[PDB]
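As you go down the protein sequences, you meet chains A, B, C, D, E, F, G, H and I in turn. For the first sequence, the residue numbers in my numbering are 1 to 244. For the second sequence, the residue numbers in my numbering are 245 to 442. For the third sequence, the residue numbers in my numbering are 443 to 553. For the fourth sequence, the residue numbers in my numbering are 554 to 797. For the fifth sequence, the residue numbers in my numbering are 798 to 1038. For the sixth sequence, the residue numbers in my numbering are 1039 to 1280. For the seventh sequence, the residue numbers in my numbering are 1281 to 1523. For the eighth sequence, the residue numbers in my numbering are 1524 to 1756. For the ninth sequence, the residue numbers in my numbering are 1757 to 2006. Everything below concerns the one structure shown next.
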Amino acid sequence: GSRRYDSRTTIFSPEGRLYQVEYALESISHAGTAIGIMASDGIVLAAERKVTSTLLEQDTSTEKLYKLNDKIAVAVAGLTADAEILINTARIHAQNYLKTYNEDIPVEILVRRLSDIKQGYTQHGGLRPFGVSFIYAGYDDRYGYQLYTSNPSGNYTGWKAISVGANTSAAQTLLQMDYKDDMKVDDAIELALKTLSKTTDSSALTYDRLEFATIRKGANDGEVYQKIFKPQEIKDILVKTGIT
Amino acid sequence: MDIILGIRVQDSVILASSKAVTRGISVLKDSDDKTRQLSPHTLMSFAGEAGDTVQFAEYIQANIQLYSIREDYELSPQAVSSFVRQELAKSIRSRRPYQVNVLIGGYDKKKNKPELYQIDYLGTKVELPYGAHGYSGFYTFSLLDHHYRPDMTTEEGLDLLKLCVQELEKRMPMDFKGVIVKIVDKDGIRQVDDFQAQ
Amino acid sequence: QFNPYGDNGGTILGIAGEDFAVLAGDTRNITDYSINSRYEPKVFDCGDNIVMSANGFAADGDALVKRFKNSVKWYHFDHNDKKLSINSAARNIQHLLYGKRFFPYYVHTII
Amino acid sequence: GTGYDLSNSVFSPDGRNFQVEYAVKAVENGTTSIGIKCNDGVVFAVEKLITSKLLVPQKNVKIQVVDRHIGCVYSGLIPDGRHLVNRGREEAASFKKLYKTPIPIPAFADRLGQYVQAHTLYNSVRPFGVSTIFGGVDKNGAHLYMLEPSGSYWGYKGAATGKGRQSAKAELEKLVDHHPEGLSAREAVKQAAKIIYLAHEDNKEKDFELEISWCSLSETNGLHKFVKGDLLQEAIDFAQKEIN
Amino acid sequence: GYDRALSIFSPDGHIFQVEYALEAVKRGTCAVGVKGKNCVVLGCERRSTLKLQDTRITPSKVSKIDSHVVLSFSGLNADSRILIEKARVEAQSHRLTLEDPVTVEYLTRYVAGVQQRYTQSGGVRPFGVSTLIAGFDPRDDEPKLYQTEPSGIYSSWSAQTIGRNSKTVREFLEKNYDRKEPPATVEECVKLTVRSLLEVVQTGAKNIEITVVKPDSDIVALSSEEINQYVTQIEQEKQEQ
Amino acid sequence: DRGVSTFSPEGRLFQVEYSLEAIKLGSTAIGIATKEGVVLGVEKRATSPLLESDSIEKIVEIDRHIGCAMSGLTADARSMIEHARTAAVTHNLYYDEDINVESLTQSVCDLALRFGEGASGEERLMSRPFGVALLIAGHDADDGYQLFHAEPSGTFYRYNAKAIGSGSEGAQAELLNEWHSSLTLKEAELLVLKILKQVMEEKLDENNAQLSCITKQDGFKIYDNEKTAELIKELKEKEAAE
Amino acid sequence: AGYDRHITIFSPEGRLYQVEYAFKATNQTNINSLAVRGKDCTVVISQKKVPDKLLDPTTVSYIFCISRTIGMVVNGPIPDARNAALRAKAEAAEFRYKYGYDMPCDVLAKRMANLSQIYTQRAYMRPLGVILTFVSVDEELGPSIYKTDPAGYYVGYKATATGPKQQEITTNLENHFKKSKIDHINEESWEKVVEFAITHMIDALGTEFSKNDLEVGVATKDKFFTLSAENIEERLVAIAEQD
Amino acid sequence: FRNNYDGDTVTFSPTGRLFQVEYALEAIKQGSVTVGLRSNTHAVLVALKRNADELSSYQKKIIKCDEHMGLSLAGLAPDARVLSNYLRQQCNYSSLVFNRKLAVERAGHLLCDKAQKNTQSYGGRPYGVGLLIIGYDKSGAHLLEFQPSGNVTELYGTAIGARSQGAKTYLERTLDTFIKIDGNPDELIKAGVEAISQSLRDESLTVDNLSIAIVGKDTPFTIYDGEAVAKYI
Amino acid sequence: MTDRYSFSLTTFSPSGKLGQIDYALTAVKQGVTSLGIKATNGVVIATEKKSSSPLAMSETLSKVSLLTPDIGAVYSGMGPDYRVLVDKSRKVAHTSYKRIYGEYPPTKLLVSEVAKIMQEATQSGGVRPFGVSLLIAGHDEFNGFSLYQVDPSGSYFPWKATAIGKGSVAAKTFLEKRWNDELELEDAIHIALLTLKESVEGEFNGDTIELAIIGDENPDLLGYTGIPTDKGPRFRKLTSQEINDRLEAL
């Protein structure tokens, strides 16, 4: 028979742990670090492109920051390809909600959906889990700004500031040290850059190895705006905060 | 057919629905409530095919209550109506379509404004000051076009209806055995148990 | 167009006595104005002391009797050769008939 | 390493399919049977071990017919043989229904071939524990065939398989030499009954029963028929005579 | 298409996957429930492995299946959502066909069946979850409290607990809860509950959440203060001795 | 691993055998059949003083003339009882009559071997065998009062008396002596209540044990605690009377 | 671990053992074959080794007639050869039906190669232990030789050989072309191209052939056919007088 | 050896055996004994029933497939239920569609083919039960022996189960004797009860311990239990 | 019968690695070198035609394939896998784009599709990852010229220039030296021919090398005229000749 070659990706360990999930998490832990910090007037998503080259095109890229909705975006940590499969189903779910209720999908409803999908690969199907962790940054008129996180297990939680990928422990301690409830978006933009700058496994923290995005509610308007910083804008924000 | 009227005044929505249920040659019941409460601040009245009518309402009610529990939140009247339209628009091209017309009236606690939605069995939705399904409109729309004012009080609204119902009791061939009236406002849904002689 | 039904005439009768019962039926089978047979048994002994007849459209009548007899056979196989009471046979026949509620056995049946 | 012999479709380092080979062992372990192609037909014969006096004689028939003109005999796991004939019967009905003409013996062979070869492609099935000798008369001649568990098959002048497979093969090789122009149907029937008695030496411990069948354009009209009564006894004796 | 039998018997007669399902429950945060004379209360501990969470939106530990029944649990969070969803749906279906909300026993029997089904179906592992379901039958005032586990077994308790250190807190309850006279007050009931959590939470005003369910769809959760107020008085009860 | 429906070199099905092992770990259940009715009793066996003992349902009603007791992994019995109740009701709808006690049992036992990862015989989708045994007791006009023992092997036996569970071999040997073809319903009740007290780890009282019977007159009934408590008292007295 | 040798999944070295072992199976018949291109024809030569005397020599072949124009020779076990032949016949039949023209040799090759690539990636399908050589005189490409293997690889050849002594035949042919400087046998009749084939077959193999030791297939404009014991004998005799 | 090739039926051993099947055949021998013998007018089945306790019933071992056919089992009861039930349908089919009684020789073929399917595909297990089939069709009395391996054989008489070899020798010796017990059923039944006790050892065939079935020229396959077999004990 | 392999053949290991993907990458490592360079007015992709016998006709086997008239691809690793991938790619280009929007898909999107197909062979039941890495080069009105690399894991990234296969490391280094954001197509075709010289051991001519570019529209390769907006394909495979002429000024 075939039973011989079956890994049995969905079984419990004698300790009651999910082998594949724990191993997927171990995988995520070697991926570029991504930070998510929520201010009083916005949210900041920052990510470190793990490994690069001189020829790698930084302009025609967006390997870790993806726009889900017009009010929701995510930072990725893990298999880009796996992430794209989940992201796409997520973009579809948002639109079905919009077509059904003629209202944008509340941030948590979208995060729960995706997590449930992940949870499935955990309880049946005999397929390997998705080696991906997301940091969700979004807004809606019920909870305003929200920050979330979901991992291979299918679990998700909310944060004021959080990180995924490598050196999360060090980064979470630094964040838990200088974060403050009243923080303003630009303060957060700075905390994020500092945190990555102290956990990086690289020499310097140049602009070509970074991705930045902010969901601010531009005072001059009355609605929410998503802005994925361009190579240049990241270069600037890097000089100002004093890292040249 | 049945009478299904709805009028949106200053701070509430009023739904009037006939009480008669006629099966062939006889009037089986004279106290039928052609309505369902989709949520604490949203009410839906309906008229149409014999079985499809209640089956559809209860199906819609069930889904809205499930959403409320899952999310611990009450969908806006606009959201509920868009959901209901989609349901009707789906069944119109199915094997056996629900032949049901509805009026959805709710009070949007977030905008603090009453709203009235009219949707026919085809999934045709329109938002109105006052609406009606079937033949009801033919007798009443001229009265409403005339006397309707956006700032009417719930009281002025109940008087405008009373007038509408009287024109209906005069010129319409069928005895619809009066109506049941309900008000939807910032405080929920209540029934004017005295319109039989208000 | 094709019509799946036909009428083979014939008539049947059933009278119940105090400690007996009879089921009669002519033995003529017809089609329109012709006679197909002057002797074609229409009343059958199905076992367990039950006689039944399905009159009307022969093809349907035979299929029913055949299905019922088989019902008796399996009743024995499944409930340890228990006897099928006339009241139980009736209820069984109802399900046999209603089973084709939307493509009826064109027969009036008596047991 | 090892273990290349546990799944039915695995290639061992040398390019073999051990399970198919283990299957053959079941064949050789069976009763012997043969096929003799004559000048206008074919003859089939098989050994029937008599376990005891309780076996009703002439009742547990082993040779089978496919359609009206095909004879099939096999050595090894009997149930598998039947399964293979049931298939061949359907295979043949299908052919006649579409083409009208009854299935050519070569065409029929490939059908059985393809089917048998198929059971060596997936590890979810087992190979056939039988070798089959079959054939008949058709639009252009008589044909004799032998099919192996590997799905391999060829046309034969004479063929045999089972325990007495070597004895038989020997006798057959003689006939092939001492009859270059061709044996006759009536002749092959006797010659066959003989080869079976001889080859019964590799099992001389148990008493047996003989079975012959033939398909001759002249003797049977091209239709497969069982040799019974007189013609049978005449061949039994011809054997008992040269068995001393 | 995947139907490998993951939950099967072993020589000694155990279903190791169900067994390990339980081990995951032991690891889950502690949860407890005690029934009063006119109410039921559910307590759950909030971990502190990581703190900097946004409690506003982060999924809560006590869920409403309907307006008169709640459900708390211990074990894998992802898994609990699946059971909670099916239960909430089943609750609406029941209202729709029987024209009456589910009794707490029925809702419990349903969640238990879903759990049991996953113990003997191919290609699926059991739920690494154990639950506490409480509430009041419709038009009834007698409190109900049931518990379910991976095996699919369920039963009602006067008070019960599940999760890490449930051994300890169960002990507290076995010698602190008298069936003769159950917490006749909504107040003294919420107290007996907080008291038991403290046996294992080790200082945690933010590490303890309580929910009180009363007859006729009267559910409500306490805020840190209301709870920290019980904590304060319970610590003094000790010092004053 | 190995097929969930493989044969041991002895000619036994592993899964079914290991299934029986799990039943030896279940609470004891006893059945006694007399010409006055059949009695079913079971060891509640709560696992904590906080567990409300009446929510332990190890004795259920199939139809009005059939009831049954379980032992082993009880959650695995839900679907079995459902199938049973449905089979009884169904049979009645089709034949306007009561389903024979044996037939109901044979039906339940048909689920028994419907397991595997794809066994060529139908669409037997059930990953493992049932981990619970049943004592089915009822009355029908053709064979009168009956007691049956249905196992996860698909086989079922008819007994005059039978015990399954942790103390089965012990209590069975007890029943072997005590049982005679002319016992009375009252006797059987005491007799069951007695064997239970011997094998139960706990000290038998009306809260950790439950009795029930099935009679042609009032069908299947489950003795409420008060009625049983007394049968216990009447037993204690009769034992100290020699 | 040790199972990455049983099914078609990668080994730590990025290898697929099952595909390598399937290659082994192609030499199991110990038969050698080669093919060359004429000016307007394609010939395939293959050893015919009928050991058993009880075998009907006429039913022992590894050359198949796929279509009116395509011919295929197989190196490997016979059951896998017949499986491949049937499939290719069906494919060429259907292709004609759906597209209105005969399936080209190179296309049928790609199709069969693709089918083989599938067994290389899917775990329940084992590779076929055979190597297929397709020949014909394509209406657009003239004489053609395309060969596929268990790895799913395929390519067109000026001439080629397959079998245990594959290398001896190949280098022999390689040299003849380095010499003639053209990519084909410059002949008009196929009979001569067939002779060339049988000749170089002998030089490289160092063995003499009778009329029952070979098997010949010839592809020509609008038709592919195989020679009979006697058509061959005639070919043997011709090369005899000159040597 | 064995250890690595008895995981499932789809695997052949290096010697060429199917262990899972042999293990199935094993459950048969571990099963209670039953005997079969026929003449030219009748066919009889005598079987020894087994019980658990002394408070338990004796597991029936004779099953009726049609009016002219039936069988006895040795091994897994459930599998006999499945097989007898499949055979019940085959007989019923033949009657309904062709208005013909199913030839005993053909019933055997169907059983063989159904059993074989379970020995070549992954996931299924071989049937663990042996069957003896008797029946009076259009060519006289008949007796068949069914083996889970899928092997069915026509005999004059035979026995299967534990110590079955006793009866099998008695019968193989008594051949010429009973093969002529035509016209008289009581003789075949007595001869059967004898052959079966040749395989006894523990106890002596009692009333509720014995089971006899018969079919013939003018005898629709009928089953005898208890008092009905008293006149043979 | 039936694919009883409905479970994953690629799973996570304790270390967090995905074995089959690692191994597939190892297969790509042993493959013949291939590369791509992006100029300011074009892109060039090239590889070596490693013949498996002088008897084989190297033209009847292209390693550089056209996906759409503006997108081409090349690889390193297992040829067969590449072949079926190219077919699936050319088709998805139609079914998922041309048949909806009436135009061919933009490079990044088609690459995204290809990448998806490869991702599934990394998680779907009963299969192994593809043993190849591709370099896809194309051009689209709103993004201009671009070059991407798709790996067995399904991941993909854009490049200015890069190489994959046998001597990718050496070649990637040689490219960093000679690349600048001001190269003209011909300059890149040159740099390409040089980088590839180090990889090839034996003959280095227009018959041992395969090279195609994505440049200007070739109205002569359209096949018809009469429609103004249809100017021709930007993809052009260089001829054996066109190669040698540049090999001189090498």
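Every residue, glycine too, gets a C-beta built ideally from N, C-alpha and C.
Check your understanding: Which residues in the same chain as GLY448(C) place their Cβ atom closer than 6 angstroms to its Cβ, once the five residues preceding and following it in sequence are excluded?
Key -> Sequence index remark: in the third sequence, residue 448(C) carries index 6 (1-based). Counting only Cβ-Cβ distances below 6 angstroms, and skipping sequence neighbours, we find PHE499.
Practice item. Please check if any C-beta of chain A sits within less than 7 angstroms of the C-beta of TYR1645(H). Key: Taking the first residue of the eighth sequence as position 1, residue 1645(H) is located at position 122. Yes - at least one Cβ of chain A is within 7 angstroms of the one on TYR1645(H).
Review point. Who are the neighbours of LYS710(D) on chain G, taking C-beta pairs under 8 angstroms?
Key: Residue 710(D) sits at position 157 when you count from the first residue of the fourth sequence. Neighbours of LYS710(D) on chain G, chain order: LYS1333, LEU1334, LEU1335 and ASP1336.
Check your understanding: For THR928(E), which option in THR916(E), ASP937(E) and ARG906(E) has the closest C-alpha, if you only look at C-alpha atoms?
Key -> Taking the first residue of the fifth sequence as position 1, residue 928(E) is located at position 131. When only C-alpha atoms are compared, the closest one is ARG906(E).
Practice item. Compare the C-beta of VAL1867(I) against all C-beta atoms of chain G and say whether one is closer than 7 angstroms. Key: Taking the first residue of the ninth sequence as 1, we reach residue 1867(I) at position 111. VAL1867(I) does not count as touching chain G.
Check your understanding: Which term fits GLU1897(I), buried or exposed, when burial requires 16 or more other beta carbons within 10 angstroms of its beta carbon?
Key -> In the ninth sequence, residue 1897(I) corresponds to position 141, counting from 1. It counts as exposed.
Point to revise | Span separating the alpha-carbon of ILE1252(F) from that of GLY583(D) | key: Within the sixth sequence, numbered from 1, the residue matching residue 1252(F) stands at position 214. Within the fourth sequence, numbered from 1, the residue matching residue 583(D) stands at position 30. Cα-Cα distance, rounded: 60 angstroms.
**Study point:** Contacts of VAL1544(H) in chain A (Cβ-Cβ under 9 angstroms)
**Key:** The residue given as residue 1544(H) occupies position 21 in the eighth sequence. In chain order: nothing, as chain A lies at least about 16 angstroms away.
Check your understanding: With respect to the beta strand (DSSP E) encompassing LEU1314(G), which residues constitute its N-terminal and C-terminal limits?
Key -> Taking the seventh sequence and counting its residues from 1, one reaches residue 1314(G) at position 34. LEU1314(G) -> beta strand (DSSP E) spans 1313-1317.
Check your understanding: Identify the residues that DSSP records as bridge partners of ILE589(D): which are they?
Key -> For the purposes of this step, residue 589(D) is taken as the residue at position 36 of the fourth sequence. Answer by DSSP bridge pairing, in chain order: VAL596(D) and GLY711(D).
Exercise for review: Please check if any C-beta of chain G sits within less than 7 angstroms of the C-beta of residue 2014(I).
Suggested key: Nothing can be reported for residue 2014(I): it is not among the residues displayed for chain I, which extend from 1757 to 2006.
Exercise for review: Would you check if the stretch 93-106 of chain A and the stretch 327-337 of chain B touch, i.e. whether three or more CB-CB distances between them fall below 8 angstroms?
Suggested key: yes
**Study point:** Cβ pair count under 8 angstroms reaching 3, the stretch 1240-1258 of chain F against the stretch 1172-1191 of chain F
**Key:** yes
Review point. So who's on the other strand from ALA1919(I), going by DSSP bridges?
Key: The residue given as residue 1919(I) occupies position 163 in the ninth sequence. Partner(s): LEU1791(I).
Practice item. Taking C-beta pairs closer than 7 angstroms, name the residues in chain C that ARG1611(H) reaches, listed in chain order. Key: The count along the eighth sequence starts at 1 and reaches residue 1611(H) at position 88. The answer, in chain order, is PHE519.
Review point. Nearest chain I C-beta to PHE1290(G) closer than 7 angstroms, yes or no?
Key: Here residue 1290(G) refers to the residue found at position 10 when the seventh sequence is read from its first residue. Closer than 7 angstroms to some Cβ of chain I, the Cβ of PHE1290(G) qualifies, so yes.
Practice item. State the DSSP-derived secondary structure class of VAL1042(F), mapped to helix, strand or coil. Key: Residue mapping note: residue 1042(F) aligns to position 4 of the sixth sequence, counting from 1. If DSSP states are grouped into helix, strand and coil, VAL1042(F) belongs with coil.
Check your understanding: Thinking C-alpha only, which one of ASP140(A), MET183(A) and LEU86(A) is nearest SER40(A)?
Key -> Taking the first sequence and counting its residues from 1, one reaches residue 40(A) at position 40. When only C-alpha atoms are compared, the closest one is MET183(A).
Review point. Whole-angstrom Cβ separation of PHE933(E) and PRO1012(E), contact assumed at under 8 angstroms?
Key: Counting from one through the fifth sequence, the residue named residue 933(E) turns up at place 136. Counting from one through the fifth sequence, the residue named residue 1012(E) turns up at place 215. At roughly 5 angstroms, the Cβ-Cβ gap stays under 8 angstroms, so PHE933(E) and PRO1012(E) are in contact.
Point to revise | Proximity below 7 angstroms, CB of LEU770(D) to CB of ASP593(D) | key: Here residue 770(D) is taken as the residue at index 217 of the fourth sequence, counted from 1. Here residue 593(D) is taken as the residue at index 40 of the fourth sequence, counted from 1. In contact: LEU770(D) and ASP593(D) (Cβ atoms closer than 7 angstroms).
Review point. Excluding sequence positions up to five away, which residues of its chain have a Cβ less than 8 angstroms from the Cβ of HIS1121(F)?
Key: Position 83 of the sixth sequence holds residue 1121(F). Result list for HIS1121(F): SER1145, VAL1146 and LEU1149, in chain order.
Review point. In whole angstroms, what separates the C-alpha of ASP975(E) from that of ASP1243(F)?
Key: Position 178 of the fifth sequence holds residue 975(E). Position 205 of the sixth sequence holds residue 1243(F). Using only the alpha carbons, I get a separation of about 20 angstroms.
Exercise for review: Starting from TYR698(D), follow the beta strand (DSSP E) in both directions and report where the run begins and ends.
Suggested key: Residue 698(D) sits at position 145 when you count from the first residue of the fourth sequence. 694-700 is the extent of the beta strand (DSSP E) around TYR698(D).
**Study point:** Simplified DSSP state of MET1352(G), which is helix, strand or coil
**Key:** For the purposes of this step, residue 1352(G) is identified with residue 72 of the seventh sequence, where counting begins at 1. Residue state, collapsed to three classes: strand.
Review point. Going straight from the alpha carbon of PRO546(C) to that of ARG470(C), what length do you get?
Key: Taking the first residue of the third sequence as 1, we reach residue 546(C) at position 104. Taking the first residue of the third sequence as 1, we reach residue 470(C) at position 28. The straight-line gap from Cα to Cα measures roughly 23 angstroms.
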